[PDB]
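Peer 1: Please see the structure below; I have some questions.
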4 protein chains.
Amino acid sequence: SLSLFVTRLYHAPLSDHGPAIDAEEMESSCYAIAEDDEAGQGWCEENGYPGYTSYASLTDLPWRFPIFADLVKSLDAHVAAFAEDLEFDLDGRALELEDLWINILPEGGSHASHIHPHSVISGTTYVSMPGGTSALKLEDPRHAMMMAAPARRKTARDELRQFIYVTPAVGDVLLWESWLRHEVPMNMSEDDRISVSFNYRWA
Amino acid sequence: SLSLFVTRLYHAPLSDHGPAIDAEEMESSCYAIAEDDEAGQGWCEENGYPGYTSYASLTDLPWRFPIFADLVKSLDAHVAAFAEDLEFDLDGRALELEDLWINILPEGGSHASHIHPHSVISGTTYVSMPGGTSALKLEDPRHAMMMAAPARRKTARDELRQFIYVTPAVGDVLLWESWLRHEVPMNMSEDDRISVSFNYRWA
Amino acid sequence: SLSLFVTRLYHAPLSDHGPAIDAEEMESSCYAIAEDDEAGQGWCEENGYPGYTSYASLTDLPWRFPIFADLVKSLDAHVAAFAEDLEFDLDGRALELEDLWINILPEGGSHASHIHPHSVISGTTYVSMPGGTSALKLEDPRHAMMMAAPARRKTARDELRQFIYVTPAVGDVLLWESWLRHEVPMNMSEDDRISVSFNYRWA
Amino acid sequence: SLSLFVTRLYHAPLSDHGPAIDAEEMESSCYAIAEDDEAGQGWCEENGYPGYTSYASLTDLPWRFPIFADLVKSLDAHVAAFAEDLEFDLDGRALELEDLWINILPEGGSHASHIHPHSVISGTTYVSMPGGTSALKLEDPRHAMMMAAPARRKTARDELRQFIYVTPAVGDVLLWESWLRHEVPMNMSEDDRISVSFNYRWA
Ligand SMILES: [Ca+2]
Ligand SMILES: [Ca+2]
Ligand SMILES: [Ca+2]
Ligand SMILES: [Ca+2]
Ligand SMILES: [Ca+2]
Ligand SMILES: [Ca+2]
Ligand SMILES: [Ca+2]
Ligand SMILES: [Ca+2]
Ligand code: NI
Ligand code: NI
Ligand code: NI
Ligand code: NI
């Protein structure tokens with residue numbers, strides 16, 4: 001019995017790499033951006049978006065805001081070390097940050113099932129975690145292939161489970177390979193869920 | 001850094017379970033069947049199929065020949081133990097064998113990349129292994145999803161490769177989940193590569 | 001330029017086949033079942049289910065309730081005709097109804113991205129359609145494979161679009177092949193969305 | 001009853017676009033290249049590869065030989081027209097050619113089932129077509145998902161088959177989206193099956 005074709009999930013505190021980022025300093029940084037983003041607040045109500053995003057609103061956040069430059073600098077090292085875990089042949093060129101956005105998720109807020117095209121590593125760092133429930137649902141890529149295969153026991157190892165629920169603490173970073181189907185479950189607590197998500201490309 | 005959504009490959013000597021199956025007795029059994037099955041030879045001639053199979057010409061081989069009944073009994077226990085490794089919820093129903101066929105592959109023969117529909121576990125026991133070449137190439141179920149992803153380094157870990165190569169010895173039995181794409185690569189020595197393949201489904 | 005490997009979507013009014021089912025008669029039938037289902041109402045609050053379902057509560061609805069027997073009888077013919085469109089080799093055995101459940105979806109209610117294992121044809125008939133928005137999101141099965149492929153134009157044919165939005169009228173039935181990834185979008189209207197979903201198996 | 005998520009296969013005579021490419025002149029070009037590329041012959045000998053390829057031994061063939069530059073110009077227009085059939089949003093960037101190689105396949109040669117990573121459009125023009133046998137077997141991207149689904153009838157429509165077989169004439173050029181799994185089946189006549197294959201990616 002041998003383990004093959006493994007999906008790897010990178011879960012580590014942000015303080016393992018890069019510069020120091022004060023957690024309380026960046027909670028308010030996300031709020032000050034959200035409440036100055038007139039076009040972002042405007043787009044979210046127009047689209048029926050459950051919460052706030054800067055994704056289709058503000059692009060270069062590390063250039064505009066100094067703490068985000070420090071965040072990226074830390075994220076680069078997190079990603080580079082994850083690339084080494086994934087044993088990617090990268091030649092000379094490393095993985096570079098492609099997209100980076102902010103998310104504020106109030107009570108009842110969810111993200112649908114989605115992936116991230118034209119990207120190698122995707123990930124999310126966590127600024128505010130109330131509730132103590134799952135901030136990430138993560139689906140088996142082989143799920144569609146398993147149509148005749150019986151369901152797993154209630155009870156099995158996490159290697160085998162077809163849905164993986166992640167409960168990250170504040171200041172944690174989660175990375176995954178960009179093809180991974182992932183979902184952000186409904187915020188069950190009254191207070192906000194603040195996260196910063198990002199994509200890393202190669203060429 | 002966690003390992004998720006694992007494909008599990010069972011690999012064990014057939015003598016671990018069931019009654020004694022004499023390797024020399026099994027080899028002559030397959031030759032005797034193949035040279036009496038004139039409809040099987042005829043179907044391989046009419047199709048232009050590389051080698052011999054009993055896949056389209058014979059059905060329940062254990063009902064007909066005593067040594068295959070002794071094989072099936074062993075395979076039952078093999079599969080049931082592999083089902084417990086995979087931790088399927090099987091309820092009342094055990095996994096039963098629906099298909100079992102003989103392959104006799106000569107110098108230059110190949111099988112295209114393929115899966116096995118309406119099955120839970122698929123597998124192959126090996127009767128004749130000449131040469132130092134691979135009898136199975138497994139392909140990553142995630143391969144098509146990895147269109148933007150860089151290739152793994154030549155010296156990467158086994159759980160991270162796109163393609164896995166197995167060189168079984170005589171009397172081995174391999175098992176996999178039926179949706180796993182596999183290829184039987186080209187035989188290189190001038191002696192026959194004999195194997196018995198089989199499909200298990202859920203009642 | 002040639003069109004291959006097509007996913008087919010069956011969209012037709014329920015009155016094209018089977019017995020007559022009065023629309024107003026069955027709106028209240030679903031309500032009378034939901035408000036008698038003590039175990040179903042109990043399970044939905046316990047699970048945090050956005051709305052009502054009878055799926056993990058009441059099984060044989062055509063046996064218990066006469067209008068649902070008439071519904072199944074009509075659905076059988078809808079499915080059988082769709083099997084002919086799909087050109088399935090079925091031998092003697094037809095497609096039979098495996099599971100059948102009721103769904104009531106109030107304002108804010110959604111279903112996550114999901115498929116239906118151990119099934120051939122899945123579908124939903126629509127009892128109450130306010131809003132005039134989409135009651136079905138339908139995702140490309142090749143979506144995960146298209147990671148390096150650029151996004152389609154705003155503007156293209158529906159063959160090509162990676163997400164298909166369906167706006168069914170009252171009394172419509174939608175059928176699809178069970179492996180299809182599909183989502184029920186958020187109910188934007190104040191009034192309820194009543195639907196009856198079902199699975200069809202083969203063997 | 002609608003047709004959704006279509007795979008599109010481009011098939012047209014190479015003379016529809018670009019400059020005049022003499023078929024007899026192209027055949028002798030490939031033979032001249034293959035019998036001078038001693039490193040290419042050597043790489044096929046060292047790998048035990050069925051036939052000849054320039055895939056690992058030569059890079060930019062249009063920069064070196066005039067007739068291939070005249071080929072590339074034609075292929076550019078071919079692909080760009082196929083991109084418009086697929087209706088990609090390409091922005092400022094056109095699709096450029098990154099890889100182009102020669103295949104010379106003899107009596108008995110085959111290529112395994114495979115895709116082309118980091119590419120948008122892949123294709124093959126055909127230089128020599130002896131016999132009445134297939135030069136391409138396409139496999140349904142949905143094949144692994146159809147594990148519970150019944151097989152299509154032998155007499156089913158082309159858009160519904162799991163496998164599609166193409167028999168091009170000389171001077172034809174086929175295109176497909178790069179994620180499409182394809183197999184080049186076994187050559188059956190004692191003359192060479194020559195083809196030029198190529199990969200297009202997005203700038
Ligand atoms: Ca290298
Ligand atoms: Ca003996
Ligand atoms: Ca021997
Ligand atoms: Ca020899
Ligand atoms: Ca039949
Ligand atoms: Ca001429
Ligand atoms: Ca000739
Ligand atoms: Ca010959
Ligand atoms: Ni995301
Ligand atoms: Ni096989
Ligand atoms: Ni559903
Ligand atoms: Ni190719």
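Residue names in the structure tokens use chain letters A, B, ... in the order shown, residue numbers from 1 in each chain, and ligand numbers from 1 in the order shown.
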Could you please tell me, as number ranges by chain, which residues of chain C have an atom within 6 Å of chain A when using only C-alpha atoms?
Peer 2: C: 113, 117-118, 147-148
Peer 1: Step by step, measure atom-to-atom distances between ligand 8 and each residue using only C-alpha atoms and all ligand atoms, keep those at most 8 Å, then write them as a list in words.
Peer 2: residues 107, 188, 189 and 190 of chain D
Peer 1: Write out as an MDAnalysis selection string the residues lying within 9 Å of region 64-74 of chain D, counting only C-alpha atoms and excluding same-chain residues fewer than 5 positions away.
Peer 2: chainID D and resid 14:22 25:26 29 79 97
Peer 1: Pick out the residues no farther than 12 Å from ligand 3, counting only C-alpha atoms and all ligand atoms, and list them as a list in words.
Peer 2: residues 23, 24, 25, 26, 27, 28, 30, 31, 127, 128, 129, 130, 131, 170, 190, 191, 192, 193 and 194 of chain B
Peer 1: Applying 7 Å and only C-alpha atoms, which residues near residue 3 (chain A) remain after dropping the ones on its own chain fewer than 4 positions away? List them as a ChimeraX atom specification.
Peer 2: /B:6-9,159
Peer 1: Select from region 81-193 of chain A everything DSSP, run on the backbone, classes as strand (DSSP E or B), then give the selection as a VMD selection string.
Peer 2: chain A and resid 88 96 to 105 111 to 114 121 to 128 136 to 139 152 163 to 166 172 to 177 181 to 184 193
Peer 1: Please identify all polymer residues within 6 Å of region 49-63 of chain B, counting only C-alpha atoms, omitting same-chain residues fewer than 4 positions from it, and present them as JSON, numbers by chain.
Peer 2: {"B": [40, 44, 68, 69, 101, 102, 103, 104, 105, 106, 109]}
Peer 1: So that I have them on file, write out the residues from the current selection with N, CA and C atoms, as a tab-separated table (two decimals), in the first residue's frame.
Peer 2:
chain	number	residue	atom	x	y	z
B	40	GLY	N	-10.55	-16.79	-29.13
B	40	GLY	CA	-9.73	-15.74	-28.52
B	40	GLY	C	-8.57	-15.35	-29.40
B	44	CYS	N	-8.21	-11.74	-31.55
B	44	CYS	CA	-6.97	-10.97	-31.54
B	44	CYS	C	-6.42	-10.78	-32.95
B	68	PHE	N	-7.99	-21.11	-11.00
B	68	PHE	CA	-8.50	-19.75	-11.02
B	68	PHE	C	-9.49	-19.49	-9.89
B	69	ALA	N	-10.20	-20.53	-9.46
B	69	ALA	CA	-11.05	-20.46	-8.27
B	69	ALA	C	-10.20	-20.22	-7.02
B	101	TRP	N	-9.53	-11.61	-16.74
B	101	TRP	CA	-9.02	-12.05	-18.04
B	101	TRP	C	-7.51	-12.27	-18.05
B	102	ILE	N	-7.04	-13.02	-19.04
B	102	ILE	CA	-5.63	-13.34	-19.19
B	102	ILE	C	-5.02	-12.47	-20.27
B	103	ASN	N	-3.86	-11.90	-19.98
B	103	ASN	CA	-3.05	-11.24	-20.99
B	103	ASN	C	-1.77	-12.01	-21.23
B	104	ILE	N	-1.49	-12.30	-22.50
B	104	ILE	CA	-0.18	-12.80	-22.89
B	104	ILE	C	0.41	-11.82	-23.89
B	105	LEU	N	1.38	-11.04	-23.43
B	105	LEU	CA	1.98	-9.99	-24.25
B	105	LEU	C	3.39	-10.39	-24.73
B	106	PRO	N	3.61	-10.38	-26.06
B	106	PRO	CA	4.89	-10.74	-26.66
B	106	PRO	C	5.84	-9.55	-26.85
B	109	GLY	N	4.65	-5.69	-27.72
B	109	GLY	CA	3.25	-5.42	-27.40
B	109	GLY	C	3.03	-4.28	-26.41
Peer 1: From the list B:176, B:38, B:1, B:135, which residue is nearest residue 82 (chain A) when using only C-alpha atoms?
Peer 2: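 The closest residue to residue 82 (chain A) is B:1.
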Peer 1: Taking only C-alpha atoms and all ligand atoms into account, report as an MDAnalysis selection string which residues have an atom no farther than 10 Å from an atom of ligand 5.
Peer 2: (chainID C and resid 88:92) or (chainID D and resid 151:154)
Peer 1: Neighbours of residue 136 (chain B) within 9 Å (only C-alpha atoms; same-chain residues fewer than 4 positions away dropped), as a list in words?
Peer 2: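 Non-adjacent residues within range: residues 164, 165, 166, 167, 168, 182, 183, 184 and 185 of chain B.
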Peer 1: Output N, CA, C and O atoms for every residue in the selection just made, as a short mmCIF file (atom, residue, chain, number, x, y, z; two decimals), in the first residue's frame.
Peer 2:
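result-v2.cif, freshly written:
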data_model
loop_
_atom_site.label_atom_id
_atom_site.label_comp_id
_atom_site.auth_asym_id
_atom_site.auth_seq_id
_atom_site.Cartn_x
_atom_site.Cartn_y
_atom_site.Cartn_z
N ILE B 164 4.10 7.19 -12.56
CA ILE B 164 4.71 6.21 -11.66
C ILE B 164 4.91 4.90 -12.40
O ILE B 164 4.00 4.40 -13.05
N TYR B 165 6.13 4.35 -12.30
CA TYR B 165 6.50 3.11 -13.00
C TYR B 165 6.69 1.95 -12.02
O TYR B 165 7.45 2.06 -11.05
N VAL B 166 5.99 0.84 -12.27
CA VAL B 166 6.10 -0.34 -11.42
C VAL B 166 6.72 -1.52 -12.17
O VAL B 166 6.32 -1.84 -13.29
N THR B 167 7.71 -2.15 -11.54
CA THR B 167 8.29 -3.39 -12.04
C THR B 167 8.02 -4.48 -11.02
O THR B 167 8.81 -4.67 -10.09
N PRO B 168 6.89 -5.20 -11.17
CA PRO B 168 6.56 -6.28 -10.26
C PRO B 168 7.41 -7.50 -10.53
O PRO B 168 7.97 -7.64 -11.61
N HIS B 182 -3.98 4.12 -16.38
CA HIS B 182 -2.78 3.32 -16.46
C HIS B 182 -2.47 2.84 -17.86
O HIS B 182 -3.37 2.66 -18.69
N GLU B 183 -1.19 2.64 -18.10
CA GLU B 183 -0.68 2.24 -19.39
C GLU B 183 0.24 1.05 -19.14
O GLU B 183 0.99 1.05 -18.16
N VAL B 184 0.15 0.04 -20.00
CA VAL B 184 1.09 -1.08 -19.94
C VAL B 184 2.12 -0.86 -21.05
O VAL B 184 1.81 -1.05 -22.23
N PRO B 185 3.35 -0.45 -20.67
CA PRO B 185 4.40 -0.01 -21.61
C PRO B 185 4.97 -1.17 -22.43
O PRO B 185 4.68 -2.33 -22.13
#
Peer 1: Report, in Å to a single decimal, how far apart CA of residue 132 (chain D) and CA of residue 196 (chain D) are.
Peer 2: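 Separation of CA of residue 196 (chain D) and CA of residue 132 (chain D): 19.4 Å.
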